[PDB]
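This document starts with one chain, in the form deposited in one PDB entry, laid out as C-alpha cells.
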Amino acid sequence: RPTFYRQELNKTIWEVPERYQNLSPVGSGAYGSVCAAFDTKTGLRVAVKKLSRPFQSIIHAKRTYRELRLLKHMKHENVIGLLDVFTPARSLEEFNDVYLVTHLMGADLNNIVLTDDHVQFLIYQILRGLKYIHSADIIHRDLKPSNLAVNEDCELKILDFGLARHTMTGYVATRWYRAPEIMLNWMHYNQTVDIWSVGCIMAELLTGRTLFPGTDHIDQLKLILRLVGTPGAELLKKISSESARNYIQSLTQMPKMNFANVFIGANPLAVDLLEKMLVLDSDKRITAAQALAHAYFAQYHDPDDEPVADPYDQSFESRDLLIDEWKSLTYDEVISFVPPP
C-alpha cells in the first residue's frame, strides 16, 4: 500500500498516492474533474480523473464499473488506456472513491484551430482506433473533436468511447457530430454511427466550419438533408417511425449537393471518402476497416499494423443489480489491476 496525501482542489478533496505530484485542474472530463499530474515513478505527464460520487446511485455505480472495465481492456496506440487506477479506501466497506490515471496528451482537436497531409494522418488514426474498438463491439456514439486527444506530434488517441447510452448513463452528447439515425432514433444503428462522426470531423478539418451546426434535432436533420439529399424509396422503406418519415418528406425535396462544391479544392480522394462516410443509410455507410483500405490513406495504410482487440465481455450491460453489487465488482477490478511495463 502506497502513501497517500490530501489536497483541496476546487470544491472537493483529492487524495492520491505520493508518486503523483503537482496536481493541476484542467476542467471536466466524463463524470468527474481531471488534473494533470507528474508521475514520479515513470517521469510521465498524466491525467488523473476523480469520479464524482461513483456509487451514489445505480447509474453512477454501473457506469463506474463500465468505465473501469473499458479502460482495463484497451491496449492500442490510438485509443486511451489505463496507466493506473487507485482508491484511498483500505477495504470494501469504506470504498467511496475511484481515481483513473491515463496518459496526458496535452491538447485536443477542438483546440486545433491543417494541410491535406495532416488530415490524412489524423483521420487515419481515428479510423485505426475505431477499427480496434469496433472489433470488440464497443461503439463510441459521441465521437467529436473535444474527445480526440492529440499531442504536438499530431499523434492521436480517442477518449470517452463506450460511455454514451445504449438506446440513462448521465453522459451528455454533442448534437453536431451524431449520426442522424441515433439522434432521431429513426432506424436501428450499428458501429457506423462513429463513421458519420468521422465524416463531420474530417469535413471541419478541411473547411474550418462545423458541417452541421443545428439548433435542435429538426434543424440538424434539415442541415443534413441539405447536403446528402432527401432519401429515395430505398432508404425510406427502412424507417419505422411514422413521424420521422413525415419530417423527411415534408421538408422541400433537396437534391444531393456535389461534395466537390462544398469541400472546395480538397484532395479528390478526401472528397470521395467523405461521400462514403456521410450517407444516410447506416447499412451502406463505409466501416472503419473498409475506410482504412481507401486510396486516400495510401501513405499510411498497412494491413499488418491495424490490429483488432481481444474479445471484450460486456454481458454485465444487460444486468440490473444493486449499487453494492456494482461496487464490489468495481472494487474487484481495482484490486486486480496490473500496470503496463
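Position 1 is the first residue in the sequence shown; the rest follow in order. If you superpose the two forms and keep the largest set of C-alpha atoms that fall within 1.5 Å, you have the rigid core.
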property	result
Check: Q253 without coordinates in a third or more of other entries	no
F263: gap in at least one third of other compared structures	no
Where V113 meets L114 in the shown sequence, the number of deposited residues left unmodelled	4 to 9
Between neighbours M168 and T167, residues that the deposited sequence lists but the model omits	1 to 3
186 to 194 versus 239 to 247 - greater average Cα B-factor per the deposited record	239 to 247
Between the two ranges 142 to 150 and 169 to 177, the one averaging a larger CA B factor in the entry	169 to 177
Highest recorded Cα temperature factor - choice among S135, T252, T210, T102	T252
Maximum C-alpha temperature factor, selected from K157, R128, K75, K222	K222
B-factor third for the C-alpha atom of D97 within its chain	middle
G199 - which third its CA temperature factor falls in, relative to the rest of the chain	lowest
Assigned third (lowest, middle, highest) for the C-alpha B factor of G81	lowest
Chain third (lowest, middle, highest) by recorded CA B-factor, residue given as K49	lowest
CA B-factor placement of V262, once the chain's modelled residues are sorted into thirds	highest
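Unshown form deposited in another entry; subsequent notes refer to it.
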item: Core superposition between the shown form and the other one, C-alpha change of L251 at least 2 Å; value: yes
item: Rigid core fit then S241 CA moved by 2 Å or more between the shown form and the other one; value: yes
item: Rigid core superposition, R209 Cα moves 2 angstroms or more between the shown form and the other one; value: no
item: CA-CA separation of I138 and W186, closer or farther in the other entry than in the form shown [shift of 3 angstroms or more]; value: closer
item: CA-CA separation of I138 and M187, closer or farther in the other entry than in the form shown [shift of 3 angstroms or more]; value: closer
